[PDB]
Amino acid sequence: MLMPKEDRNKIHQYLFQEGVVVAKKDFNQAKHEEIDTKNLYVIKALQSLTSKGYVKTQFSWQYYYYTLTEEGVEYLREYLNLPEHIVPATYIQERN
Amino acid sequence: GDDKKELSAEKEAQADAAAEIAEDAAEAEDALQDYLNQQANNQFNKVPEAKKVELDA
Amino acid sequence: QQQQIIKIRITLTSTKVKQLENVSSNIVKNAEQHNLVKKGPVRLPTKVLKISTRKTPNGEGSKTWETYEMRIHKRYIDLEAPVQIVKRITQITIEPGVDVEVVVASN
Amino acid sequence: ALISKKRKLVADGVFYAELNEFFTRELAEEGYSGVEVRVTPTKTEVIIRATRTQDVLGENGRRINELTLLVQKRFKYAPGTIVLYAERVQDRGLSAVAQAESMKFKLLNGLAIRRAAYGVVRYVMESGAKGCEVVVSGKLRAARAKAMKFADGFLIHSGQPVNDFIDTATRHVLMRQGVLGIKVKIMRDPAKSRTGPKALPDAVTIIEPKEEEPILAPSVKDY
Amino acid sequence: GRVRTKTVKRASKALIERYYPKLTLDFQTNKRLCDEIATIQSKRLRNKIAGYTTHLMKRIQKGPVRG
RNA sequence: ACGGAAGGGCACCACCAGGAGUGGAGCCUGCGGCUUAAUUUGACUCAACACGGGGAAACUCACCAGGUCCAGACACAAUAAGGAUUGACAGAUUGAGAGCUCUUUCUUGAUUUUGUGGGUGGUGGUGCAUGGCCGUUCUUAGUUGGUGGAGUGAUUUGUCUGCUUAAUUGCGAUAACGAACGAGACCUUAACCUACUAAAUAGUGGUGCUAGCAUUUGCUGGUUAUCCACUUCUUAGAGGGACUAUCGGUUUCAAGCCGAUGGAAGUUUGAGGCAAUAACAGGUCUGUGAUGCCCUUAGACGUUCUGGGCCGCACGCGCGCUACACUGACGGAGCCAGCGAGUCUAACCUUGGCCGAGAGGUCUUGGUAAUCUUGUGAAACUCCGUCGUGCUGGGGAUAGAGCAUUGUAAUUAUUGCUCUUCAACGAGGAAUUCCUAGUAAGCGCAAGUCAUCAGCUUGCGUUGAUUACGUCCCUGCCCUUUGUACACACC
Ligand SMILES: [Mg+2]
Ligand SMILES: [Mg+2]
Ligand SMILES: [Mg+2]
Ligand SMILES: [Mg+2]
Ligand SMILES: [Mg+2]
Ligand SMILES: [Mg+2]
Ligand SMILES: [Mg+2]
Ligand SMILES: [Mg+2]
Ligand SMILES: [Mg+2]
Ligand SMILES: [Mg+2]
Ligand SMILES: [Mg+2]
Ligand SMILES: [Mg+2]
Ligand SMILES: [Mg+2]
Ligand SMILES: [Mg+2]
Ligand SMILES: [Mg+2]
Ligand SMILES: [Mg+2]
Ligand SMILES: [Mg+2]
Ligand SMILES: [Mg+2]
Ligand SMILES: [Mg+2]
Ligand SMILES: [Mg+2]
Ligand SMILES: [Mg+2]
Ligand SMILES: [Mg+2]
Ligand SMILES: [Mg+2]
Ligand SMILES: [Mg+2]
Ligand SMILES: [Mg+2]
Ligand SMILES: [Mg+2]
Ligand SMILES: [Mg+2]
Ligand SMILES: [Mg+2]
């Protein structure tokens, strides 16, 4: 799709920081809860990011549920430059 | 499937349930990476990371 | 040293009378078995929700209809206990299916 | 907040329905078999009745993490306020659902139609069922649709006991030619019922007397 | 119509077959018997049963009944 | 399985004895037809036609007249940092304050572009490729196995002349005995509990406080807590109750059926929910991010935006609504229901107070509700009048002028009110539907839809009949018997 690198990074960042993403199937939502960009930006960014492996997509009652893979983790590892043993939400919180 | 082979269904179908009690009886005993991301954008938050000067006329 | 008469009303609302009557008398006798002052389970009109629809996905056929319904049961019990037994009575006595709502106040 | 118990109690049903939906997709290959969500002081507890919780959990506890996060993000729960717990289920032999997606993941696994279903019926019966029934509607290898019944032992079809004793589930298996309908019926032995009536309303047992040795002229005992 | 089903008359039969000492021409007490003396499942079907074990009990007094 | 063979049955989707009608009229509404830029489409005997919850002003939306966008993943190639690509002010252009496009010349920074391959969306096709769901057969009573009897065998007997039942419901007959699915049981609802547990979100009596009338004590109110007490009414928990009981007639003195007495209740107690095996090329790809394959895929069958259209009117058909009056219209006046529903990250149900003939407005207010709207003071209906049989004061179609409400938008007139205009229709041919007791018919309500709109539907309660309580004549279907050269089963 056609989108500024700003809005690009914000997603990709968010995906690494979280590992998981959700987004109702609506386009023209201007900005969606959490990630500060166009809703349409989220979905077609992920969807791209998916069809190259990297992330699992799921649908159900109008909402898109995104799972990052492992090979994707390595890819976000690149696009953000960050070193191995970085993050993802693959930690077990405090003692939670 | 034709009824000309239906004996060999029930048999092969039985053994399927045989192995499905094997797997479920064998399942009646059977047999770090730190840093984070909001803590590394605040860790590598020390400067030397930009530049700013302009505006004239 | 704490405690004081706090004048309490517990609404109990659910859709499964067995659990709901369970939790209702269970609360009424457990809190009574240690002596209080109350108005026992006040059953309000079991009200019923209705959805009335055609069976057919499309339009064809004789016009069979088929109303579903959902039974909502709600109950309140008026208590007067002190702070301790209150929160003792609310945190536990829980039940997967019975909405507990414990308010306060004479207003 | 601030709802009405009318719009509330319905809404909660929707929440269940949508949750159960999203799980039934995201956790097939793990024999997802239903949820139940506990509404507590502090938390909201969700119990994931799947047969295979090792693959619900994942490496040192991920996946269920992903799943929470998902479930979390969507309904706008704050971290902590929602919590998921996976739980294996006491025999899959009497869960209609368990056997449905068994078959999907049996036929789809390149396997006979007779072998698949017939095996399924036998495992369910060996699992201590009172009776079982399986139906394959759809089109298979030839282009006119046909439909087979597979059913062993005892099942009832009418009245209230329906609700109590038989467990129904359809599943849509999506193959190369077209899609089939897997449809399962498991009937649990009523004598085991635990929470309910332990017999059909047809059940009317006569208890058996005793061999009396009568006569013996009067006489009385003293104490 | 009110033709009693087989389960009714079937149970009725074998109740009268082994408990003629006990039982009467009184439905009321033949009823109370069925609680103790058998396991039914329904309040309804139990009367519907006891009622007809009472009918038979009644006519037997005036000659045999087959079965 | 079928038959344009015979024999038995079953049913107000059959008739009988009747009722209320439709068929005639005006309009409402669906279908055909025609017309049209388009008048989107499915469906056509019961089992298409107030059906797709289909009451379309935009949306919906599929149609038509035109205008934007890619939301064309990913892979390779091509281009290319000297710029692969993005955007626009004014102007022209345009329905348009769309940089659509062009003039002009800044901006942008590898996110795209061009090429193939590969996807993708699609209310595009196919319901004669399917799932799922549903309708129909079915207002039906059918289906199967154990041990035994027959048959080389498929098979059969059980599962049957009869009688009985709503029922393969039973009794009885009996090479069968004894059973299971389905029917029944069951579950929900409406009925009965001065028995049980209670209640300022339900109501009663007493007592305070208090108004009126009478006075002799009384009578009718007020008073969400001023207190005391109770659960008859109301509410919902647990129990109970009916089993066609008692007795009598009738019957193979069998199942049963009928009658009287009792009873809350005695038509499966009344009404539903569920409902075996099997069939259909029933319907639905236009509910589905259910799906095969076909088709298209940037001048798009994608999508959005602007406007029109689905309502278009010589006419054929169907469900309805309002009527033709005096068992009435009108006008005051009495004044009585039950199922429902309602506002949070909000503008729902609305009491009350003013203003206005009205529709409505405006100020407030209660309610997330047994607490407030609401006792939903609803409608028929009951009463005292005015009209007097005259297309009349029955009837209110068509039409004019005005004021309001919903909505971004009301013209092809969304609805509401007022004045006026005052049609057809004098009980409706051949035909044909629905119906057996709180039912029919009359009557209004609430809920679905819903911004606004019900002449529809789903339930609800109010007033409350006549005539059956039978048959097999018509119709419809079931069961035997029988024929068959059918078995893809008379399409
Ligand atoms: Mg049954
Ligand atoms: Mg039944
Ligand atoms: Mg007649
Ligand atoms: Mg007539
Ligand atoms: Mg119709
Ligand atoms: Mg349009
Ligand atoms: Mg391309
Ligand atoms: Mg191509
Ligand atoms: Mg589609
Ligand atoms: Mg079809
Ligand atoms: Mg179909
Ligand atoms: Mg067609
Ligand atoms: Mg009838
Ligand atoms: Mg033999
Ligand atoms: Mg036969
Ligand atoms: Mg009472
Ligand atoms: Mg009487
Ligand atoms: Mg066809
Ligand atoms: Mg469909
Ligand atoms: Mg139309
Ligand atoms: Mg009047
Ligand atoms: Mg005025
Ligand atoms: Mg308020
Ligand atoms: Mg008039
Ligand atoms: Mg006139
Ligand atoms: Mg309305
Ligand atoms: Mg309609
Ligand atoms: Mg023959």
# chains A, B, ... in the order shown; residues from 1 in each chain; ligands from 1

call {"tool": "residues_around", "arguments": {"residues": "residue F:164", "least_positions_apart": "5", "cutoff": "8 Å", "atoms": "only C-alpha atoms (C1' of nucleotides)", "output": "MDAnalysis selection string"}}
result
chainID F and resid 170:171 255:256

call {"tool": "write_last_selection", "arguments": {"atoms": "N, CA and C atoms (P, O5', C5', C4', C3', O3' and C1' of nucleotides)", "output": "PDB file, in the first residue's frame"}}
result
ATOM      1  P     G F 170     -49.860 -48.904  23.477  1.00  0.00           P
ATOM      2  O5'   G F 170     -50.735 -49.448  24.673  1.00  0.00           O
ATOM      3  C5'   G F 170     -51.254 -50.759  24.625  1.00  0.00           C
ATOM      4  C4'   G F 170     -52.736 -50.738  24.844  1.00  0.00           C
ATOM      5  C3'   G F 170     -53.416 -52.086  24.790  1.00  0.00           C
ATOM      6  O3'   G F 170     -53.328 -52.764  26.027  1.00  0.00           O
ATOM      7  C1'   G F 170     -54.611 -50.543  23.462  1.00  0.00           C
ATOM      8  P     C F 171     -52.954 -54.318  26.069  1.00  0.00           P
ATOM      9  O5'   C F 171     -54.361 -55.029  25.890  1.00  0.00           O
ATOM     10  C5'   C F 171     -55.427 -54.666  26.744  1.00  0.00           C
ATOM     11  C4'   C F 171     -56.747 -55.155  26.225  1.00  0.00           C
ATOM     12  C3'   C F 171     -56.787 -56.589  25.739  1.00  0.00           C
ATOM     13  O3'   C F 171     -56.901 -57.523  26.797  1.00  0.00           O
ATOM     14  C1'   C F 171     -57.874 -55.195  24.182  1.00  0.00           C
ATOM     15  P     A F 255     -61.128 -53.281  30.687  1.00  0.00           P
ATOM     16  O5'   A F 255     -60.215 -52.353  29.786  1.00  0.00           O
ATOM     17  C5'   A F 255     -58.871 -52.701  29.500  1.00  0.00           C
ATOM     18  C4'   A F 255     -58.496 -52.248  28.114  1.00  0.00           C
ATOM     19  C3'   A F 255     -58.820 -50.796  27.794  1.00  0.00           C
ATOM     20  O3'   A F 255     -57.798 -49.912  28.227  1.00  0.00           O
ATOM     21  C1'   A F 255     -59.589 -52.208  26.044  1.00  0.00           C
ATOM     22  P     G F 256     -58.141 -48.426  28.745  1.00  0.00           P
ATOM     23  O5'   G F 256     -58.866 -47.750  27.513  1.00  0.00           O
ATOM     24  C5'   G F 256     -60.059 -47.016  27.682  1.00  0.00           C
ATOM     25  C4'   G F 256     -60.997 -47.303  26.547  1.00  0.00           C
ATOM     26  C3'   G F 256     -62.223 -46.417  26.454  1.00  0.00           C
ATOM     27  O3'   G F 256     -61.935 -45.190  25.790  1.00  0.00           O
ATOM     28  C1'   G F 256     -62.847 -48.692  26.215  1.00  0.00           C
TER      29        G F 256
END

call {"tool": "interface_residues", "arguments": {"of": "chain D", "to": "chain C", "cutoff": "12 Å", "atoms": "only C-alpha atoms", "output": "PyMOL selection string"}}
result
chain D and resi 4-10+12-13+16+36-47+195-196

call {"tool": "residues_around", "arguments": {"residues": "stretch 27-36 of chain B", "least_positions_apart": "2", "cutoff": "7 Å", "atoms": "only C-alpha atoms (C1' of nucleotides)", "output": "ChimeraX atom specification"}}
result
/A:85-88 /B:23-25,38-40

call {"tool": "residues_near_ligand", "arguments": {"ligand": "ligand 23", "cutoff": "10 Å", "atoms": "only C-alpha atoms (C1' of nucleotides) and all ligand atoms", "output": "ChimeraX atom specification"}}
result
/F:343,365-367,372

call {"tool": "select_by_dssp", "arguments": {"residues": "chain C", "states": "strand (DSSP E or B)", "output": "VMD selection string"}}
result
chain C and resid 8 to 14 39 to 43 47 to 54 65 to 79 98 to 102

call {"tool": "residues_around", "arguments": {"residues": "residue E:17", "least_positions_apart": "6", "cutoff": "12 Å", "atoms": "only C-alpha atoms (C1' of nucleotides)", "output": "ChimeraX atom specification"}}
result
/D:206,208-209 /E:10-11,23,53,56-57,60,65-67
